[PDB]
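Residues 1582 to 1588, 1601 to 1618, 1622 to 1638, 2026 to 2186, 2191 to 2682 in PDB author numbering are what the sequence shown spells out, letter by letter. All C-beta atoms, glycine included, are put in the ideal place defined by N, C-alpha and C. These notes concern the structure reproduced below.
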Amino acid sequence: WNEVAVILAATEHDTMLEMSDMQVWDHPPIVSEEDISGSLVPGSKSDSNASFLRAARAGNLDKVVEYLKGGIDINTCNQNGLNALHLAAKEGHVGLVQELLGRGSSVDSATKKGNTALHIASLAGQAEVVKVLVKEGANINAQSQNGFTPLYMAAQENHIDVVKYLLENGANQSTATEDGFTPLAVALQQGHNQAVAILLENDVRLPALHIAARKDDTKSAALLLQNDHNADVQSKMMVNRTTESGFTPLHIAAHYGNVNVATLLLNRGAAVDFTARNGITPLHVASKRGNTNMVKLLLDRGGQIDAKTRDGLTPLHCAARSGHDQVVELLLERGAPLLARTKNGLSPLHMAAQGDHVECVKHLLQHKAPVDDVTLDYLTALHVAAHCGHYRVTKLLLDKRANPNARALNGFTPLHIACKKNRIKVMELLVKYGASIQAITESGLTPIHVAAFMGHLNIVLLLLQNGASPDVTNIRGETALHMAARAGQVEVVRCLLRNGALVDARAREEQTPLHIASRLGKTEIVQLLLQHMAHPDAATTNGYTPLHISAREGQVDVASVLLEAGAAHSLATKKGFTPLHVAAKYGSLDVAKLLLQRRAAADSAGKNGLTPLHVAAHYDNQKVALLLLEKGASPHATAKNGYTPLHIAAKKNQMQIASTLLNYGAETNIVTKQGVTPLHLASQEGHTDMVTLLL
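The following block contains the structure:
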């Protein structure tokens, strides 16, 4: 059958995803001001509209009004949609803006990017242009493209007076962008304490607190937490309110190692062990990221040193997996459970070995961890270091007296595993430290079995050069050559044959590798085995030679290489069947033709007296029966039953095959030993069209 189920990554996947969900997702956007070209190209108003816009940017109200009287539409814009009022408002020309307003320019005209004149002036920091526009009736809460407001633009660039003015005129602090950010958010993102203090001075607060947790802004964090009261329910407090990802401010500060803002939050009542997602605590985040002092503060403030995620990761697990040997040492000195286990039984040592972190293994074994502590499937840390090909941790583990022959759950030894994953470095190292070259699993696979079946040619080479006999058998009786042929690894088969492998080794059913190569159609491997003195007439227990198998499975090319190599063309099995009988049994038509072209007897007979025509008559094989009749098979031959193939076709209701038989001169008035004719069988079985077709 299949040997793939007989021969750990899906085990690693779950805790790997639970350590992947310890990430924090996001910065507020920054506005970029518009670009101005001034080119003439923009129907005879081209050079005039263009020179007019140039005059508006340069700030010359003389040539601008003189141009306006020359009959140029005031709502004239360039490629991007910029008005004379936009160009004037960006540059602080207060007079040009006043005259442009009186001359008839619209206040709330927006470019292609949706910025009104008030937008442009706010981002640029023209306090007086803003005063003119606000007093003239401009929409102070105008949302540009993506929803930015002038208050947002001023707060982003720390234009303080613009912010004080827009707040005095009543600008909405709450109006957020398309993704949810307010002026306070970007003011915190840029590090403008002045702005932040001003916007917080009059009347939103929570996402600002999360940004302050990322930014280590203790000033703004202390400012945001003055209206929140130390209630008896920590969940209601603003210091413990979460993002959309379930993370609290303390979780975030733990992610960025921000010790100061974390101390502030904890002093304002931030709860130290609030879980997010599948049980992730701030200790888990700080530990995964290696933030040593964050871990120190969290433990000092009553953090659970042994808290488990859903699958069982403790903070020491996370720190060990990530190679944060300082957090590992701190956690260990504070008394972390050295042998806490995940749901599949992994110790922190298994994680540290899984990430090739030598220093974490050194500190873990220093604190008396058992070097051969096993998982639930009995995988030592050396097993994991071998599965990952990590050379350094394998060297250290072996140097600290880890057993290189440790048997795993299925009998697998670190050498077996390093051989299944093609780790030449780790395999050679394990052998140096005493791994048994020819140790077997519970299913009897040596390392050369595993490497040969998996096609790792260099490993097969190294094992063969180290003294691995390729003729060790598994519980199915198969040597490395059998499985190397079952999987189709041609180069490995050549390497085994060239290095003394038995060509015709017998397994269960006394079958050689040639039988398996014929069953699976491995044509090139049939060639390779035959070339190395494989007897092509080798028979199994039921009597099949490789020719019989090609006749059963329909492999025509294999039958070709076999017959050209001298395979006996009409050999008997236990039931006395020749390859032609088998071809007539399984409908292999081409193999039957190729068989007959090679001097195969058209009507060979077994112990029972049957001919391939009888067989084809039984199994309702029309084309092969026809090919036999054409090649010279008699339809009047009998068996031990006195049966012609016409009796057989008559009993089992073979309409077409009996048609071919009668058309080829099949005797109808033929009797058996017990006085039976095909009319008696045809009538007894209950076939109408049959008995009709006889007469």
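Runs of alpha helix (DSSP H) lying entirely within the stretch 2200-2247, each at least 4 residues, in chain order: 2205-2211 and 2236-2242
8 Å Cβ cutoff met for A2093 and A2072: no
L2084 beta carbon less than 8 Å from that of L2044: no
Outcome for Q2641 when other beta-carbon atoms lying within 10 angstroms are tallied against a minimum of 16: buried
Classification of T2466 by the beta-carbon crowding that lies within 10 angstroms, buried from 16 upward: buried
Start-to-end residues for the alpha helix (DSSP H) that takes in residue 2190: Residue 2190 cannot be placed in this structure, since the chain goes from 2186 to 2191 without the numbers between.
Residues near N2628 in its chain [Cβ-Cβ closer than 7 Å; skip 5 each side]: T2659
Spatial distance of residue 2701 from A2626 (CA atoms): A question about residue 2701 goes unanswered here, because the residues of the chain that appear run from 1582 up to 2682.
Alpha-carbon to alpha-carbon, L2336 and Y2243: 26 Å
Inter-residue spacing [alpha-carbon to alpha-carbon] between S2274 and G2174: 28 Å
Length of the line joining the Cα atoms of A2263 and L2270: 12 Å
Stretch pair the stretch 2537-2549 + the stretch 2494-2513: three plus CB contacts closer than 8 Å: yes
Reduced DSSP category for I2411 - H, G, I as helix; E, B as strand; rest coil: helix
Rounded separation between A2327 and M1615 - CA only: 20 Å
Per-residue burial, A2100 [other beta carbons within 10 Å of its own, 16 or more giving buried]: buried
Proximity below 8 Å, CB of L2484 to CB of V2477: no
Beta-ladder partner(s) of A2263, from DSSP: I2267
Nearest-angstrom Cα separation, counted from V2226 out to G2256: 7 Å
Residue burial classification, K2295 (beta-carbon count within 10 angstroms, cutoff 16): buried
Contact check, residue 2188 vs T1608, beta carbons under 8 Å: A break in the chain separates 2186 from 2191, and the residue in question, residue 2188, sits inside that break with no coordinates.
Rounded C-alpha distance that separates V2191 from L2134: 14 Å
Spatial neighbours of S2088 in its chain, beta-carbon cut-off 7 Å, leaving aside the 5 residues before and after: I2057, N2066, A2067 and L2068
Own chain residues within Cβ distance below 6 Å of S1633, not counting five before or after: none
Boundaries (first-last residue) of the alpha helix (DSSP H) holding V2361: It is not in any alpha helix (DSSP H) - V2361 carries neither H nor E in the DSSP assignment.
Three-state secondary structure assigned by DSSP to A2393: coil
For residue 2190, the nearest candidate out of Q2518, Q2177 and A2637 (CA to CA): Because residue 2190 lies between 2186 and 2191, and the chain jumps straight from the first to the second, it has no atoms in this structure.
Any non-hydrogen atom of the ligand NAD within 7 Å of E2429 CB: You won't find the ligand NAD in this model; it holds no ligand whatsoever.
Three-state secondary structure assigned by DSSP to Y2420: coil
Secondary structure of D2186, DSSP reduced to three states: coil
Beta-carbon spacing of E2111, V2090 below 8 Å: no
Separation of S2232 from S1613, as counted between CA atoms: 13 Å
C-alpha gap between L2318 and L2383, whole angstroms: 22 Å
Proximity below 8 Å, CB of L2402 to CB of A2422: yes
Coil, strand or helix - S2105 by DSSP: helix
Buried versus exposed, by CB contacts within 10 Å (16 or more), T2560: buried
Inter-residue CB distance, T2565 and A2525 (contact presumed, cutoff 8 Å): 16 Å between Cβ atoms; not a contact.
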